[PDB]
Number of protein chains: 2
Amino acid sequence: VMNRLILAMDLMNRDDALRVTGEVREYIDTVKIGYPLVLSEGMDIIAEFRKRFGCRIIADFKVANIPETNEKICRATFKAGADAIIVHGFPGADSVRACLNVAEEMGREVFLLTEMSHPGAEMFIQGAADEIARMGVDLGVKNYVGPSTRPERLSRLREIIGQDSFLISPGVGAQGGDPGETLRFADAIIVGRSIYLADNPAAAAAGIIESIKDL
Amino acid sequence: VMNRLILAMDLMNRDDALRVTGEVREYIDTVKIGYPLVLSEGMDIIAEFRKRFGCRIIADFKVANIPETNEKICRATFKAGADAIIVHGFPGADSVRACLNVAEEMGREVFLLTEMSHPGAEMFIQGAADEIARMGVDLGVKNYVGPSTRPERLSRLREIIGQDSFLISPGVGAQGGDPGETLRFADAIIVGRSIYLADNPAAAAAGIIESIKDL
């Protein structure tokens, strides 16, 4: 992705989301849109963004339902124009395969979320994350999401998926993660509040990229 | 809930969803709406259903994000008129507490999903489900979701949460679960495809209710 930086656009009203994305567009080319924005303004916001900014859109829906429902959610998400969707691995392989089947039918991609970045991820997810990552490899998943807040876990994830897999990582900035350290293992970093709540989002994005370039 | 039966309305077309829900309204009073319908027709469908059918609406979003994001999703969901939202427990206690805080602020309810009903739930979720249920009790959760497809697990879940907690259960019909057996432990059963893909949804709902009444 451009500058290895993905904007997590979690503002909830269209005017603010459009203003901030437009202000930082010169520094990125991939925007992650999730339920805060889609449930507030509608799924049409995906195609509007894609067209307006000519960026790739990753739908952060972190799908975690039964196979049949996950299928329907993936189909609606790609029909809406998303280039990829993030899917939880903890519900198991059949739930993940349902998403991979729809992505294969629609020419899109699935990102598998393995371990989450917040504190509560240590309770149940962390203990299963290595096995969720290995399930991903066994299913042929090539795109993964791991935590910037725990670089030792991000390193172990990278170890399991290999160097050819693509790995993006949230938790940089607000949650405590560091851009440079995270980029030792991930291919791109996801950044939301550090940029979109900043007084000058473009300056915040530029400052992050400056540290990245130095790597 | 009326007749201990909740309709899972996962059709993706507004006209079909309104037709089927209207046909079975005399047998239920609680409709569960999830992302298949909301992402296809918009969040306004929740208020439309609530008004048109005068039914309670449970949002099956099975939220599984970090705390801050789960807060935003819950806020948007209750602003849309939902009476309750289903939240995954696997991401940990802070993620669940964020949802409980918004429900407290808005006068609504959270249902905690403990073990899922599909085959893949056996890989990672089942091993953590008893603890996820005990975490719910510790957080003061009073509404839970457990699997019709594994009544021995539903019994263990009921054992942990006590008789005062409200327990609803999906996987009846299409997934293989039985109404009567599931109602030995759950307070209400969720039914989707067995009713909404039936040639006569009202007759399908009626036949289920006749088996329930006889318990």
# chains A, B, ... in the order shown; residues from 1 in each chain; ligands from 1

$ interface_residues --of "chain A" --to "chain B" --cutoff "7 Å" --atoms "only C-alpha atoms" --output "PyMOL selection string"
chain A and resi 35-36+39-40+42-43+66+72-73+76+90-95+118+120-121+123-125+128

$ select_by_dssp --residues "range 11-186 of chain A" --states "strand (DSSP E or B)" --output "PDB file with N, CA, C and O atoms, in the first residue's frame"
ATOM      1  N   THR A  30      -5.014   3.320   0.412  1.00  0.00           N
ATOM      2  CA  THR A  30      -5.877   2.236   0.903  1.00  0.00           C
ATOM      3  C   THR A  30      -6.595   2.756   2.169  1.00  0.00           C
ATOM      4  O   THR A  30      -5.939   3.209   3.103  1.00  0.00           O
ATOM      5  N   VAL A  31      -7.932   2.700   2.163  1.00  0.00           N
ATOM      6  CA  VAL A  31      -8.748   3.142   3.280  1.00  0.00           C
ATOM      7  C   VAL A  31      -9.495   1.911   3.814  1.00  0.00           C
ATOM      8  O   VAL A  31     -10.097   1.169   3.043  1.00  0.00           O
ATOM      9  N   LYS A  32      -9.483   1.754   5.133  1.00  0.00           N
ATOM     10  CA  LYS A  32     -10.220   0.659   5.794  1.00  0.00           C
ATOM     11  C   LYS A  32     -11.512   1.327   6.322  1.00  0.00           C
ATOM     12  O   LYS A  32     -11.423   2.285   7.099  1.00  0.00           O
ATOM     13  N   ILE A  33     -12.684   0.807   5.937  1.00  0.00           N
ATOM     14  CA  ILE A  33     -13.986   1.352   6.369  1.00  0.00           C
ATOM     15  C   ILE A  33     -14.647   0.231   7.137  1.00  0.00           C
ATOM     16  O   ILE A  33     -14.675  -0.919   6.647  1.00  0.00           O
ATOM     17  N   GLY A  34     -15.203   0.565   8.308  1.00  0.00           N
ATOM     18  CA  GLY A  34     -15.824  -0.463   9.136  1.00  0.00           C
ATOM     19  C   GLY A  34     -17.292  -0.114   9.447  1.00  0.00           C
ATOM     20  O   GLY A  34     -17.904   0.753   8.828  1.00  0.00           O
ATOM     21  N   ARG A  56      -8.195   1.892  -2.627  1.00  0.00           N
ATOM     22  CA  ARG A  56      -8.695   0.514  -2.449  1.00  0.00           C
ATOM     23  C   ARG A  56      -9.437   0.591  -1.114  1.00  0.00           C
ATOM     24  O   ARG A  56      -9.040   1.407  -0.245  1.00  0.00           O
ATOM     25  N   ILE A  57     -10.484  -0.216  -0.944  1.00  0.00           N
ATOM     26  CA  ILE A  57     -11.213  -0.191   0.301  1.00  0.00           C
ATOM     27  C   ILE A  57     -11.181  -1.569   0.919  1.00  0.00           C
ATOM     28  O   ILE A  57     -11.553  -2.608   0.253  1.00  0.00           O
ATOM     29  N   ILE A  58     -10.744  -1.597   2.187  1.00  0.00           N
ATOM     30  CA  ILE A  58     -10.785  -2.845   2.935  1.00  0.00           C
ATOM     31  C   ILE A  58     -11.982  -2.690   3.879  1.00  0.00           C
ATOM     32  O   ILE A  58     -12.015  -1.708   4.633  1.00  0.00           O
ATOM     33  N   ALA A  59     -12.945  -3.627   3.843  1.00  0.00           N
ATOM     34  CA  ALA A  59     -14.117  -3.578   4.774  1.00  0.00           C
ATOM     35  C   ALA A  59     -13.762  -4.265   6.074  1.00  0.00           C
ATOM     36  O   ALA A  59     -13.602  -5.496   6.132  1.00  0.00           O
ATOM     37  N   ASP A  60     -13.683  -3.489   7.146  1.00  0.00           N
ATOM     38  CA  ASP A  60     -13.360  -4.049   8.443  1.00  0.00           C
ATOM     39  C   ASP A  60     -14.637  -4.485   9.145  1.00  0.00           C
ATOM     40  O   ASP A  60     -15.172  -3.791   9.976  1.00  0.00           O
ATOM     41  N   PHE A  61     -15.127  -5.626   8.766  1.00  0.00           N
ATOM     42  CA  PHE A  61     -16.353  -6.115   9.337  1.00  0.00           C
ATOM     43  C   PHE A  61     -16.064  -7.251  10.312  1.00  0.00           C
ATOM     44  O   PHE A  61     -16.978  -7.737  10.971  1.00  0.00           O
ATOM     45  N   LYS A  62     -14.834  -7.733  10.290  1.00  0.00           N
ATOM     46  CA  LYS A  62     -14.368  -8.801  11.218  1.00  0.00           C
ATOM     47  C   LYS A  62     -15.479  -9.821  11.418  1.00  0.00           C
ATOM     48  O   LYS A  62     -15.900 -10.143  12.526  1.00  0.00           O
ATOM     49  N   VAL A  63     -15.899 -10.412  10.277  1.00  0.00           N
ATOM     50  CA  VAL A  63     -17.024 -11.343  10.201  1.00  0.00           C
ATOM     51  C   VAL A  63     -16.775 -12.489  11.172  1.00  0.00           C
ATOM     52  O   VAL A  63     -15.678 -13.111  11.154  1.00  0.00           O
ATOM     53  N   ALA A  84     -11.619  -5.885  -0.320  1.00  0.00           N
ATOM     54  CA  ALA A  84     -11.284  -7.004   0.582  1.00  0.00           C
ATOM     55  C   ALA A  84     -12.154  -6.910   1.835  1.00  0.00           C
ATOM     56  O   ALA A  84     -12.738  -5.822   2.084  1.00  0.00           O
ATOM     57  N   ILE A  85     -12.248  -8.016   2.593  1.00  0.00           N
ATOM     58  CA  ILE A  85     -12.986  -7.974   3.842  1.00  0.00           C
ATOM     59  C   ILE A  85     -12.138  -8.620   4.904  1.00  0.00           C
ATOM     60  O   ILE A  85     -11.393  -9.572   4.637  1.00  0.00           O
ATOM     61  N   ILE A  86     -12.193  -8.117   6.141  1.00  0.00           N
ATOM     62  CA  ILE A  86     -11.476  -8.799   7.244  1.00  0.00           C
ATOM     63  C   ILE A  86     -12.429  -9.757   7.925  1.00  0.00           C
ATOM     64  O   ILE A  86     -13.579  -9.378   8.230  1.00  0.00           O
ATOM     65  N   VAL A  87     -11.938 -10.969   8.195  1.00  0.00           N
ATOM     66  CA  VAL A  87     -12.720 -12.075   8.758  1.00  0.00           C
ATOM     67  C   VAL A  87     -12.035 -12.621   9.998  1.00  0.00           C
ATOM     68  O   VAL A  87     -10.811 -12.797  10.005  1.00  0.00           O
ATOM     69  N   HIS A  88     -12.795 -12.850  11.063  1.00  0.00           N
ATOM     70  CA  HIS A  88     -12.208 -13.450  12.253  1.00  0.00           C
ATOM     71  C   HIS A  88     -11.923 -14.921  11.991  1.00  0.00           C
ATOM     72  O   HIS A  88     -12.731 -15.635  11.403  1.00  0.00           O
ATOM     73  N   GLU A 109     -10.542 -10.290  -2.061  1.00  0.00           N
ATOM     74  CA  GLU A 109      -9.670 -10.880  -1.065  1.00  0.00           C
ATOM     75  C   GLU A 109     -10.190 -10.912   0.346  1.00  0.00           C
ATOM     76  O   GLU A 109     -10.976 -10.060   0.736  1.00  0.00           O
ATOM     77  N   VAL A 110      -9.705 -11.908   1.085  1.00  0.00           N
ATOM     78  CA  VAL A 110     -10.048 -12.044   2.499  1.00  0.00           C
ATOM     79  C   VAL A 110      -8.765 -11.801   3.303  1.00  0.00           C
ATOM     80  O   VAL A 110      -7.676 -12.331   2.956  1.00  0.00           O
ATOM     81  N   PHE A 111      -8.915 -10.995   4.355  1.00  0.00           N
ATOM     82  CA  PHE A 111      -7.810 -10.859   5.338  1.00  0.00           C
ATOM     83  C   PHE A 111      -8.228 -11.623   6.579  1.00  0.00           C
ATOM     84  O   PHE A 111      -9.322 -11.384   7.099  1.00  0.00           O
ATOM     85  N   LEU A 112      -7.381 -12.514   7.097  1.00  0.00           N
ATOM     86  CA  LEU A 112      -7.732 -13.264   8.290  1.00  0.00           C
ATOM     87  C   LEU A 112      -7.175 -12.584   9.553  1.00  0.00           C
ATOM     88  O   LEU A 112      -5.966 -12.406   9.669  1.00  0.00           O
ATOM     89  N   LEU A 113      -8.073 -12.204  10.473  1.00  0.00           N
ATOM     90  CA  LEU A 113      -7.627 -11.619  11.748  1.00  0.00           C
ATOM     91  C   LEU A 113      -7.295 -12.788  12.670  1.00  0.00           C
ATOM     92  O   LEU A 113      -8.144 -13.662  12.938  1.00  0.00           O
ATOM     93  N   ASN A 143      -3.519 -13.207   3.264  1.00  0.00           N
ATOM     94  CA  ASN A 143      -3.539 -11.842   3.821  1.00  0.00           C
ATOM     95  C   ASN A 143      -3.989 -12.002   5.274  1.00  0.00           C
ATOM     96  O   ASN A 143      -4.964 -12.715   5.542  1.00  0.00           O
ATOM     97  N   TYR A 144      -3.279 -11.321   6.187  1.00  0.00           N
ATOM     98  CA  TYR A 144      -3.523 -11.508   7.621  1.00  0.00           C
ATOM     99  C   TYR A 144      -3.484 -10.200   8.370  1.00  0.00           C
ATOM    100  O   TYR A 144      -2.960  -9.196   7.864  1.00  0.00           O
ATOM    101  N   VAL A 145      -4.076 -10.222   9.578  1.00  0.00           N
ATOM    102  CA  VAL A 145      -4.080  -9.037  10.446  1.00  0.00           C
ATOM    103  C   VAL A 145      -3.605  -9.493  11.808  1.00  0.00           C
ATOM    104  O   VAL A 145      -4.106 -10.487  12.348  1.00  0.00           O
ATOM    105  N   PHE A 166       0.869 -11.349   3.101  1.00  0.00           N
ATOM    106  CA  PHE A 166       0.727  -9.907   3.318  1.00  0.00           C
ATOM    107  C   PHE A 166       0.122  -9.763   4.730  1.00  0.00           C
ATOM    108  O   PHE A 166      -0.890 -10.397   5.030  1.00  0.00           O
ATOM    109  N   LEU A 167       0.687  -8.865   5.554  1.00  0.00           N
ATOM    110  CA  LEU A 167       0.280  -8.753   6.965  1.00  0.00           C
ATOM    111  C   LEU A 167       0.084  -7.286   7.298  1.00  0.00           C
ATOM    112  O   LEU A 167       0.976  -6.504   7.057  1.00  0.00           O
ATOM    113  N   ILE A 168      -1.142  -6.930   7.726  1.00  0.00           N
ATOM    114  CA  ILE A 168      -1.400  -5.538   8.110  1.00  0.00           C
ATOM    115  C   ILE A 168      -1.653  -5.523   9.609  1.00  0.00           C
ATOM    116  O   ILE A 168      -1.994  -6.537  10.200  1.00  0.00           O
ATOM    117  N   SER A 169      -1.453  -4.354  10.232  1.00  0.00           N
ATOM    118  CA  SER A 169      -1.468  -4.373  11.691  1.00  0.00           C
ATOM    119  C   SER A 169      -2.040  -3.130  12.335  1.00  0.00           C
ATOM    120  O   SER A 169      -1.510  -2.044  12.140  1.00  0.00           O
ATOM    121  N   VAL A 172      -1.599   1.021  16.128  1.00  0.00           N
ATOM    122  CA  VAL A 172      -0.498   2.004  16.070  1.00  0.00           C
ATOM    123  C   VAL A 172      -1.053   3.348  16.500  1.00  0.00           C
ATOM    124  O   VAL A 172      -2.106   3.780  16.038  1.00  0.00           O
ATOM    125  N   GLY A 177       0.836   1.204  19.950  1.00  0.00           N
ATOM    126  CA  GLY A 177       1.804   0.647  19.040  1.00  0.00           C
ATOM    127  C   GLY A 177       2.655   1.680  18.344  1.00  0.00           C
ATOM    128  O   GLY A 177       2.263   2.852  18.175  1.00  0.00           O
TER     129      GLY A 177
END

$ atom_distance --atom1 "CA of residue 210 in chain A" --atom2 "CA of residue 184 in chain A"
15.7 Å

$ closest_residue --among "B:133, B:198, B:186, B:5" --to "residue 26 in chain B" --atoms "only C-alpha atoms"
B:5

$ select_by_dssp --residues "range 160-211 of chain A" --states "alpha helix (DSSP H)" --output "PyMOL selection string"
chain A and resi 160-161+179-182+193-196+201-211

$ closest_residue --among "B:141, B:55, B:205, B:106" --to "residue 190 in chain B" --atoms "only C-alpha atoms"
B:205

$ residues_around --residues "residue 165 in chain A" --least-positions-apart "3" --cutoff "7 Å" --atoms "only C-alpha atoms" --output "ChimeraX atom specification"
/A:142-143,161-162

$ write_last_selection --atoms "N, CA, C and O atoms" --output "compact mmCIF listing (two decimals), in the first residue's frame"
# COMPACT_ATOMS: atom_id res chain seq x y z
N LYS A 142 -3.81 -15.70 2.24
CA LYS A 142 -2.56 -15.04 1.96
C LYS A 142 -2.45 -13.66 2.60
O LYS A 142 -1.42 -13.01 2.47
N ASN A 143 -3.52 -13.21 3.26
CA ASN A 143 -3.54 -11.84 3.82
C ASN A 143 -3.99 -12.00 5.27
O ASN A 143 -4.96 -12.71 5.54
N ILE A 161 3.10 -17.48 9.03
CA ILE A 161 2.59 -17.26 7.67
C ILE A 161 3.63 -17.12 6.57
O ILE A 161 3.30 -17.17 5.39
N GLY A 162 4.89 -16.94 6.96
CA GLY A 162 5.94 -16.81 5.95
C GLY A 162 6.10 -15.41 5.41
O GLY A 162 5.28 -14.53 5.65

$ residues_around --residues "residue 27 in chain A" --least-positions-apart "6" --cutoff "12 Å" --atoms "only C-alpha atoms" --output "count of residues only"
23

$ atom_distance --atom1 "CA of residue 45 in chain A" --atom2 "CA of residue 52 in chain B"
27.2 Å

$ atom_distance --atom1 "CA of residue 215 in chain A" --atom2 "CA of residue 180 in chain A"
6.8 Å
